[PDB]
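A.B. asks: Sequence plus experimental coordinates follow:
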Amino acid sequence: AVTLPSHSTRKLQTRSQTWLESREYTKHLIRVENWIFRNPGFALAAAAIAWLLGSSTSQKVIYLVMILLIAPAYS
Amino acid sequence: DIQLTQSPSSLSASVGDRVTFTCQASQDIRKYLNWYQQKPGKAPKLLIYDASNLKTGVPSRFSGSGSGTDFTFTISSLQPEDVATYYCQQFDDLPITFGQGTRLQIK
Amino acid sequence: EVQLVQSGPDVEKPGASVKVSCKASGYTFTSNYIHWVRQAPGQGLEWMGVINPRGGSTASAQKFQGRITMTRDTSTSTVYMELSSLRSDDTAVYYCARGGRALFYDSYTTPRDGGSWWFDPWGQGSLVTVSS
Amino acid sequence: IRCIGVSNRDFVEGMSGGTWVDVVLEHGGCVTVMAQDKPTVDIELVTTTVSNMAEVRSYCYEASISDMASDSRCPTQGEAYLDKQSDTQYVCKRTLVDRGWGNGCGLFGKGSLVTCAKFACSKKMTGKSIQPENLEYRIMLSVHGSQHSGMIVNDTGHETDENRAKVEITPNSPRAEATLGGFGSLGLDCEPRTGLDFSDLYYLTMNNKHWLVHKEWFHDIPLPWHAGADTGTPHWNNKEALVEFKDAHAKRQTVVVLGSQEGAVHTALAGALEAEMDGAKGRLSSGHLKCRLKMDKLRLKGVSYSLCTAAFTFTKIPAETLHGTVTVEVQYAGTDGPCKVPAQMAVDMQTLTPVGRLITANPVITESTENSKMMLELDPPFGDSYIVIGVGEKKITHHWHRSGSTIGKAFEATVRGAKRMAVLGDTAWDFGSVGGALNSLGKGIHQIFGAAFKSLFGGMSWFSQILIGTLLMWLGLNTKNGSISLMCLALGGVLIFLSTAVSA
Amino acid sequence: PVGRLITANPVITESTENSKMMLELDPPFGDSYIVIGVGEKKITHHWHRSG
Ligand SMILES: *[C@@H]1O[C@H](CO)[C@@H](O)[C@H](O)[C@H]1NC(C)=O
């Protein structure tokens, strides 16, 4: 029973304050930070991964974001 | 949600009198209200559709009115065939309810 | 002549199921929503439910959810009502009636009504008693 | 009146000749229109109401299980039947289980059995539907001048009174001339459709708690369906995600129910807007709309009224609003009758040099009675002020000093307009409403461009839009041929500004 | 007067009460104001085709 649709993906950009934004516009940050605080070495894992893609010294951090941002949620 | 009070509970009058029944509902029923009268052991009597409309064959002795939430039925002149329990009932939103009744008696 | 007819009065066991028939006359059977309405002997009328003679569409109120079934019979132009798991309040008289612009399969009350909204063929009333 | 201390208010004028003041009516703020004539008017959207809602599929999140059943079968005799499965009130799933020796079944190997149990449930989710018709807007408006302490508190007699009025709007009857005996007619005609983009919105009531949901999300929730249904035993649909089947390492499968997911649907409800009294009458909070407002007929009721020469006295310390203006309630006895009263401001007197924003035009006093309280307001220039009231020598004056600079005014106005630009999108146009060419140009350009912004960047979340703007920035510096990298900068800045939303 | 008028010359038959006068029109791509009766005691209505 995955209650899949996090409705924020269907925001109403309307003047009155929405349902639970108060914690929402921090929840994904606390998500990723909690997950990485629990799985630290995955940091240098992602590092060795990204440093091997892009080969730009500028897309490298982009693939770092890639990996560190697939890991938390879809896991 | 369809609570409809039908006042009074009962009445008794002489022949040739006008009588009026009220029904107010807790809801907006703009024109979807209807009226019957039934004897014990009878199919009810043709009175009123849409709370304002006489049906074919109905005597002009009866009339119905009311717009927003409360509605008035009226017998112009009482007659012996008017002994029955009268009912008002809405048509909208479909938990269809009726009134508990308005009972008559000749003197 | 447009007119409905019910089955005879019946007596059943508490917790049994009673089926009352309602046969139509004088009109095209697939053009009038059949409404069922209960009436306890001393109580007023309370609408039970509705069925469409065409396609066997159905609906009712929560006072009967899980006990009431309503079926069609296009051949003899009849509608059959079953009350299940009978209860002491069921001792009443039930009425079947033809209704309005039965276009497809529903109640359909946002559009118009009346002109014998459901009141031309109120039939005779089906007296049912539930005891031993 | 009625719009003071309700910040997110606005003031809009109309270049006189052809009253054409199309306001963006707000269910979360007020809007005051002014005119050289035509006593200054306010409008505030009280409530939003829906009359008729239809009963679309419901949901169950609290289920219960009983009378379980397994129905084992040998490795080779077909696979399990379990006449229980015959009914749909039971939910069943069929699983291959190990079947060995000393287990019956003279053969052995992988056999099969169908574990299942009754699906009884409670706490239905009534997810009704609403449509852009038989919904209902209800506003109240108020002209300034009289009515000491306007103050919705006793609104009941105020719609019966002249200074306030209550208006109901339907998509059937859009027009309403707010008629004020002695004041005017307040012509109004609105768009009861394009307010909340209805027809994609469902009214969900779960635990007598109501809200509105974008029906797409409501269709996508994987719980058991009532699916359209009415009375009769609810034949729940999909019946599977709720219950959970589990065998041993090889054998003896049982079932768990996973209890109720009430708080789970709450945390999944992170974008809906809650709604209240529901009855057959479902009320909800803010939702905007477009209201063409016409000053066809508004007489000012007392332009000929004299300036009765009683001495006027402040009562309350006229503090100012965020919009810079300042309201004062001035009481006075001493004279009688339907008085006109002066109210100006200056930097020096022996001039009285009437300067600044006069909001409450033609301030009117009603009767002979004692120190009537005469609430009103004015707006001072950027410097020190001298608000002057009474008439001449037995007048009353007062320092203000707004302390809000003219360029500062442009700051507040443009950031307010930008927040409108964001939340109202297209509707932020025609806000200051004249039917000018570039106005319809802005309306149209935002129409096509922002509609594409929707359909392309469909419902971009907080975090999503954040990082999208960031990487669009990083790219806006990288690419050659500024023509497209400037377009990267543009979309990225749009996204980041969208992330500067009301959330802060 | 703008837009597609489909049901030209809409005709009413008789003195009888609120005859139902079915017909149709087609609005332009934007917001609409369908106007019916005559003048002041007319009846108007939003459409907005949205096509
Ligand atoms: C209170 O009600 C009276 C009428 O009884 C009215 O004159 C007055 O303005 C109201 N005051 C407020 C603050 O609503």
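C.D. replies: Perfect, I can see it now. Residues are numbered from 1 along each chain as shown, chains lettered A, B, ... in the order given.

A.B. asks: count of neighbours near residue D:430?
C.D. replies: The tally of other residues near residue D:430 (other C-beta atoms under 10 Å in any protein chain shown) stands at 21. All C-beta spots, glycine's among them, are computed from the backbone N, C-alpha and C.

A.B. asks: Stretch D:416-430 vs chain E: in contact?
C.D. replies: No: under the criterion of C-beta under 8 Å from any C-beta of the partner chain, stretch D:416-430 makes no contact with chain E; the nearest approach is 11.3 Å.

A.B. asks: what comes up buried for that stretch?
C.D. replies: For stretch D:416-430, burial by neighbour count (16 or more other C-beta atoms under 10 Å in any protein chain shown) applies to D:419-430.

A.B. asks: Distance to residue D:377 and secondary structure added to these, as TSV?
C.D. replies: As requested, those are arranged in TSV below (distance: C-beta to C-beta, whole Å; DSSP: H, G, I helix; E, B strand; the rest coil):
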residue	distance to residue D:377	secondary structure
D:419	23	helix
D:420	23	helix
D:421	27	helix
D:422	29	helix
D:423	27	helix
D:424	26	coil
D:425	31	helix
D:426	32	helix
D:427	28	helix
D:428	26	helix
D:429	28	coil
D:430	26	coil
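
A.B. asks: Format those as CSV; extra columns: distance to residue B:67.
C.D. replies: Shown next, in CSV, are those (distance: C-beta to C-beta, whole Å):
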residue, distance to residue B:67
D:419, 44
D:420, 41
D:421, 45
D:422, 44
D:423, 40
D:424, 38
D:425, 40
D:426, 39
D:427, 35
D:428, 40
D:429, 40
D:430, 37
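
A.B. asks: from the residues you listed, which are also near chain A?
C.D. replies: Restricting these to contacts with chain A (C-beta under 8 Å from any C-beta) yields D:422-425.

A.B. asks: for those residues, which one is nearest residue D:174?
C.D. replies: For residue D:174, the closest of those turns out to be residue D:424, at 19.4 Å, with distances computed as C-beta to C-beta.

A.B. asks: Setting the sequence-adjacent residues aside, check what's closest to the residue nearest the centre of chain D.
C.D. replies: In chain D, the residue lying closest to the centroid (C-alpha atoms, centre = their mean) is residue D:286, at 2.5 Å. Once its chain neighbours are removed from consideration, residue D:286 has its nearest residue in residue A:16; the separation is 3.4 Å (C-beta to C-beta, 6 or more residues apart in numbering or on different chains).

A.B. asks: So that neighbour is in contact with residue D:28, correct?
C.D. replies: Yes: applying C-beta atoms under 8 Å as the test, residue A:16 and residue D:28 come out as touching, 5.1 Å apart.

A.B. asks: tell me, what's touching those two both at once?
C.D. replies: When C-beta atoms under 8 Å, 6 or more residues apart in numbering or on different chains defines a contact, the residues bordering residue A:16 and residue D:28 alike are D:285-286.

A.B. asks: can you give me the helices for chain A?
C.D. replies: Counting by DSSP state H, chain A has these helices, from start to end: A:21-38, A:42-50, A:59-74.

A.B. asks: Any idea which of these gets closest to residue D:401?
C.D. replies: Closest among the helices of chain A, once you apply C-beta to C-beta, is helix A:21-38, at 37.5 Å.

A.B. asks: now what about the closest one, what contacts it?
C.D. replies: The contact list for helix A:21-38 (C-beta under 8 Å, 6+ apart) reads A:8, A:42-43, A:68-69, A:71-73, A:75, D:270, D:462-463, D:503.

A.B. asks: Next, the contact list for residue D:82, please.
C.D. replies: Residue D:82 neighbours (C-beta under 8 Å, 6+ apart): D:69-71, D:92, D:113-114, D:116.

A.B. asks: quick one, what contacts residue D:242?
C.D. replies: Residue D:242 makes contact with A:1, D:60-61, D:63, D:119, D:121, D:223-224, D:257-258, according to C-beta under 8 Å, 6+ apart.

A.B. asks: again, only using 7 Å
C.D. replies: Residue D:242 makes contact with A:1, D:63, D:223-224, D:258 under the criterion C-beta atoms under 7 Å, 6 or more residues apart in numbering or on different chains.

A.B. asks: and those, which two are the farthest apart?
C.D. replies: D:224 and D:258 (11.8 Å).

A.B. asks: higher neighbour count, these two?
C.D. replies: For the pair residue D:224 and residue D:258, the greater number of neighbours falls to residue D:224 (27 against 16), based on other C-beta under 10 Å.

A.B. asks: Could you see whether chain A lies near the helix or strand encompassing residue D:42?
C.D. replies: Element membership of residue D:42 [criterion: DSSP states H and E] is strand D:41-50. No: Strand D:41-50 lies apart from chain A when judged by C-beta under 7 Å from any C-beta of the partner chain; the minimum separation is 10.3 Å.

A.B. asks: elements contacting the next helix-or-strand element following that strand?
C.D. replies: Heading C-terminal from strand D:41-50, the first helix or strand you meet, by DSSP H and E, is strand D:59-69. For strand D:59-69, the helices and strands in contact under the criterion 3 or more C-beta pairs under 7 Å, 6 or more residues apart in numbering or on different chains; DSSP states H and E are strand D:109-129, strand D:254-256.

A.B. asks: Show me which residues of strand D:59-69 are buried.
C.D. replies: D:59-63, D:65, D:69.

A.B. asks: Could you pull up the residues touching the residue in chain D that chain B sits nearest to?
C.D. replies: The nearest approach of chain D to chain B comes at residue D:280, 4.7 Å away (C-beta to the nearest C-beta). Applying C-beta under 7 Å, 6+ apart to residue D:280 gives the contacts B:1, B:27, B:93.

A.B. asks: Could you report the distance from the first one to residue B:92?
C.D. replies: When C-beta to C-beta, to the nearest Å is applied, the distance between residue B:1 and residue B:92 equals 10 Å.

A.B. asks: Which of the helices and strands packed on strand D:59-69 has the highest mean neighbour count?
C.D. replies: strand D:109-129 (a mean of 19; mean count of other C-beta atoms under 10 Å in any protein chain shown).

A.B. asks: Can you tell me the strand partners of the helix or strand following it and which way each runs?
C.D. replies: For strand D:109-129, the following helix or strand on the C-terminal side (DSSP H and E) is strand D:135-143. The strands beside strand D:135-143 in its sheet (DSSP bridges) come out as strand D:41-50 (antiparallel), strand D:164-169 (antiparallel).

A.B. asks: which ones are touching the residue nearest the centre of chain B?
C.D. replies: The central residue of chain B, meaning the one whose C-alpha is nearest the mean C-alpha position (C-alpha atoms, centre = their mean), is residue B:35 at 4.0 Å. For residue B:35, the residues meeting the contact criterion (C-beta under 7 Å, 6+ apart) are B:47-48, B:64, B:73, B:86-88.

A.B. asks: Among those residues, which one has the most neighbours?
C.D. replies: Neighbour counts for these, by other C-beta under 10 Å, peak at residue B:88, which reaches 30 neighbours.

A.B. asks: Spatially, which residue comes closest to that one, not counting chain neighbours?
C.D. replies: Counting by C-beta to C-beta, 6+ apart, residue B:23 is the residue found nearest to residue B:88 once chain neighbours are left out, at 4.0 Å.

A.B. asks: Could I get the phi/psi values of that neighbour?
C.D. replies: Torsion angles at residue B:23 (phi, psi; degrees, to the nearest 10) stand at phi -140, psi 120.

A.B. asks: Can you give the contact residues for stretch D:439-452?
C.D. replies: Taking C-beta under 7 Å, 6+ apart as the criterion, the residues outside stretch D:439-452 that touch it are D:425-426, D:429-430.

A.B. asks: Just the element for the residue in the stretch 401-504 of chain D that chain E sits nearest to, please.
C.D. replies: Closest to chain E within the stretch 401-504 of chain D is residue D:447: 9.5 Å, counting by C-beta to the nearest C-beta. Per DSSP H and E, residue D:447 falls inside helix D:437-456.
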